Engineer: 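Below you will find the structure I want to go over with you.
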Amino acid sequence: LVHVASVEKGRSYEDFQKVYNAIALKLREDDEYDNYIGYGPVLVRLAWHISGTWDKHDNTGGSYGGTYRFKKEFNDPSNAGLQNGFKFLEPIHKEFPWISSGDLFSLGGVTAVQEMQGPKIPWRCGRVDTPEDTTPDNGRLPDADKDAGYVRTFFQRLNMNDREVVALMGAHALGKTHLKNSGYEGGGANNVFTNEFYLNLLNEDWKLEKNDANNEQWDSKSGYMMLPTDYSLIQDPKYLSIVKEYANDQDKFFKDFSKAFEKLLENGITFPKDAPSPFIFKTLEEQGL
Ligand code: HEM
Ligand SMILES: Nc1cccc2nccn12
């Protein structure tokens, strides 16, 4: 299976900046969502979930096909709550109906990270919608109740190494867990992209507690929470080294996150040699908008 990127006909950087802007403006406008978290965190999670179905072995899944639009994937139990991201993006897709579904979902995540003051994430267009029968089956996204060895093995399927996994998990500073979606609850209301996941892991007093869904999670009295898979990054010595690196170097985290996230969103895609270079979108702030 080769998935060759194909630029939406006649479109260039300025087209995609407009789409970016529309998402960014809606992020600013619809600020009440999820107890004033806003939609930034769920859009990042959406971009990851649409990409994280990829399997390096056969090139199935991945962002290219935009298959989250189909019911099998839309209704994956692992994707519970992402319907809110999809609804957010509906009027954007109405305004810009030429963009492919994969490009929109992935661009949503890029826009969210940047608008939340995260690193710039270079982004390439050209994902092409594929048919319903290309939708990957449920069960390719990771479980949260597991340990470091699970996390490490899981992410080999996505061709991610230890550094990539640890960098990517820093997105867990964002938003919160919701008992009705995942069987985990809490984490506060953060919508600023920082390296605080690593700082919190290292510096908080964590207790292993059961939540109201009868699942174990790690909680601190300050109101922070970590999944078992998050906490595994400080249980495993190789992950721990990396957690400490990012806790001590915000810029390095930003740079590594940006690379890993771009890679995640592009796994499975063949870019022709004469494809445009990745785009780096300006934030609303940078544009004076
Ligand atoms: C072992 C890997 C991972 C596991 C088990 C995991 C699990 C979860 C779970 C259970 C939630 C709560 C969902 C809810 O209840 O609404 C969640 C939220 C989130 N995850 Fe992950 N995740 C993982 C990796 C990632 C990666 C790689 C990213 C992005 C780079 C990501 C970004 C997020 C974001 C942004 C949220 C918050 C969404 C919201 O506030 O609505 N996670 N994650
Ligand atoms: N631990 C965790 C996982 C996913 C999202 C999130 N937000 C705050 C904490 N958190």
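Start at 1 and go down the list; that is how both ligands and their atoms are numbered. Values below: all heavy atoms of this structure, side chains included; hydrogens, waters and symmetry mates excluded. Note that the numbering runs from 1 along the sequence shown for the chain.
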Engineer: Do other residues, nucleotides or ligands put more than 12 heavy atoms under 6.0 Å from the CD atom of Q250?
Structural biologist: no
Engineer: If you count the atoms of ligand 1 from 1 in the order shown, which ones are under 4.0 Å from a heavy atom of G175?
Structural biologist: 40 (O)
Engineer: How far is atom 29 (C) of ligand 1 from its nearest protein heavy atom, and which residue and atom name does that atom have?
Structural biologist: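 Looking only at protein heavy atoms, the one closest to atom 29 (C) of ligand 1 is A171 CB, 3.5 Å.
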Engineer: Hey, do the aromatic rings of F16 and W98 have their centres closer than 6.0 Å?
Structural biologist: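 Yes - the distance between ring centres of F16 and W98 falls below the 6.0 Å cut-off.
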Engineer: What residue among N195, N200, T194 forms side-chain contact (heavy atoms from CB on, under 4.5 Å) with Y198?
Structural biologist: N195
Engineer: Taking the six-membered ring of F88 as reference, does the cationic atom of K26 (NZ for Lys, CZ for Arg) lie under 6.0 Å from its centre and within 45° of its axis?
Structural biologist: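 Yes, a cation-pi geometry holds between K26 and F88.
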Engineer: Which residue owns the protein heavy atom closest to atom 30 (C) of ligand 1, what's the atom, and how far is it?
Structural biologist: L168 O, 3.4 Å
Engineer: Is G81 near ligand 1, meaning one of its heavy atoms is under 4.0 Å from it?
Structural biologist: no
Engineer: Would you mind telling me if ligand 1 is within reach of the side chain of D143, the backbone, both or neither, using heavy atoms under 4.0 Å?
Structural biologist: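 Within the 4.0 Å criterion, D143 contacts ligand 1 through backbone atoms alone.
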Engineer: Check each N or O atom of ligand 2 against all protein N or O atoms and list the pairs under 3.5 Å, with atom names and distances to 0.1 Å, one per line.
Structural biologist:
| unit_1 | atom_1 | unit_2 | atom_2 | d |
| --- | --- | --- | --- | --- |
| ligand 2 | 1 (N) | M225 | O | 3.1 |
| ligand 2 | 1 (N) | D230 | OD2 | 2.8 |
| ligand 2 | 7 (N) | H172 | O | 3.3 |
| ligand 2 | 7 (N) | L174 | O | 2.8 |
| ligand 2 | 7 (N) | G175 | O | 3.0 |
| ligand 2 | 10 (N) | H172 | O | 3.0 |

Engineer: For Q156, look at atom CD and say whether over 12 heavy atoms of other residues, nucleotides or ligands are found less than 6.0 Å away.
Structural biologist: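 Yes - once you tally the heavy atoms of other residues, nucleotides and ligands closer than 6.0 Å, there are more than 12.
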Engineer: With backbone taken as N, CA, C and O and side chain as the heavy atoms from C-beta onward, which portion of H178 lies under 4.0 Å from ligand 1: side chain, backbone, both, or neither?
Structural biologist: both
Engineer: For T53 and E73, test the side chains for any donor-to-acceptor distance below 3.5 angstrom and give the result as yes or no.
Structural biologist: no
Engineer: Could you pull out, from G183, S182, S232, the option with a heavy atom nearest to atom 15 (O) of ligand 1?
Structural biologist: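 Nearest option to atom 15 (O) of ligand 1, by heavy atoms: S182.
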Engineer: Going by the angle between their ring planes, with limits at 30° and 60°, are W218 and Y231 parallel, tilted or perpendicular?
Structural biologist: parallel
Engineer: Can you tell me if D58 has over 12 outside heavy atoms packed within less than 6.0 Å of its CG?
Structural biologist: yes
Engineer: Are the aromatic ring centres of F193 and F257 under 6.0 angstrom apart?
Structural biologist: yes
Engineer: Do me a favour and list the nearest non-hydrogen protein atom to atom 22 (N) of ligand 1 with residue, atom name and distance?
Structural biologist: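 Going by distance alone, atom 22 (N) of ligand 1 is nearest to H172 NE2, 2.9 Å.
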Engineer: Mind checking whether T229 has an N or O less than 3.5 Å away from an N or O of ligand 1?
Structural biologist: no
Engineer: Judging by distance only, is a nitrogen or oxygen of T177 under 3.5 angstrom from one on ligand 1?
Structural biologist: no
Engineer: Under 3.5 Å between some N or O of ligand 1 and some N or O of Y184?
Structural biologist: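 No - when backbone and side-chain N and O of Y184 are compared with those of ligand 1, no distance drops under 3.5 Å.
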Engineer: Please say which of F254, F197, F253 ends up in a ring pair (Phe, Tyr, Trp, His ring centres under 6.0 Å) with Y246.
Structural biologist: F253
Engineer: At less than 4.0 angstrom from any non-hydrogen atom of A144, what atoms of ligand 1 do you find?
Structural biologist: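 Checking each atom against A144, I get 5 (C).
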Engineer: Any side-chain heavy atom of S232 sitting closer than 4.5 Å to one from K146?
Structural biologist: no
Engineer: Look at atom 31 (C) of ligand 1 and say which protein heavy atom is nearest, naming residue and atom and giving the distance to 0.1 Å.
Structural biologist: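 I find the closest protein heavy atom is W48 CD1, 3.2 Å.
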Engineer: Please tell me if the side chains of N79 and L141 come closer than 4.5 Å, counting only heavy atoms from C-beta onward.
Structural biologist: yes
Engineer: Is the NZ or CZ atom of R69 positioned over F105's six-membered ring, under 6.0 angstrom from the centre and within 45° of the axis?
Structural biologist: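 The answer is no; the distance or angle limit is not met.
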Engineer: Less than 4.5 Å apart, side chain to side chain, heavy atoms only: is that true for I99 and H93?
Structural biologist: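 Side-chain contact under 4.5 Å: yes.
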Engineer: Do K176 and ligand 1 have an N or O pair less than 3.5 Å apart?
Structural biologist: yes
Engineer: In ligand 1, which numbered atoms sit nearer than 4.0 Å to a non-hydrogen atom of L174?
Structural biologist: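 Those qualifying, in numeric order: 37 (C).
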Engineer: Of the listed options (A112, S78, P41, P142), which comes nearest to atom 4 (C) of ligand 1 when hydrogens are ignored and any heavy atom counts?
Structural biologist: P142
Engineer: Which protein heavy atom lies closest to atom 7 (C) of ligand 1, and at what distance to 0.1 Å?
Structural biologist: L227 CD1, 3.4 Å
Engineer: Among all protein heavy atoms, pick the one closest to atom 18 (C) of ligand 1 and tell me residue, atom and distance.
Structural biologist: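 Heavy-atom neighbour on the protein nearest atom 18 (C) of ligand 1: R45 NE, 3.3 Å.
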Engineer: Do the non-hydrogen side-chain atoms of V4 and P272 ever get within less than 4.5 Å of each other?
Structural biologist: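 Yes, at least one pair of side-chain atoms sits under 4.5 Å.
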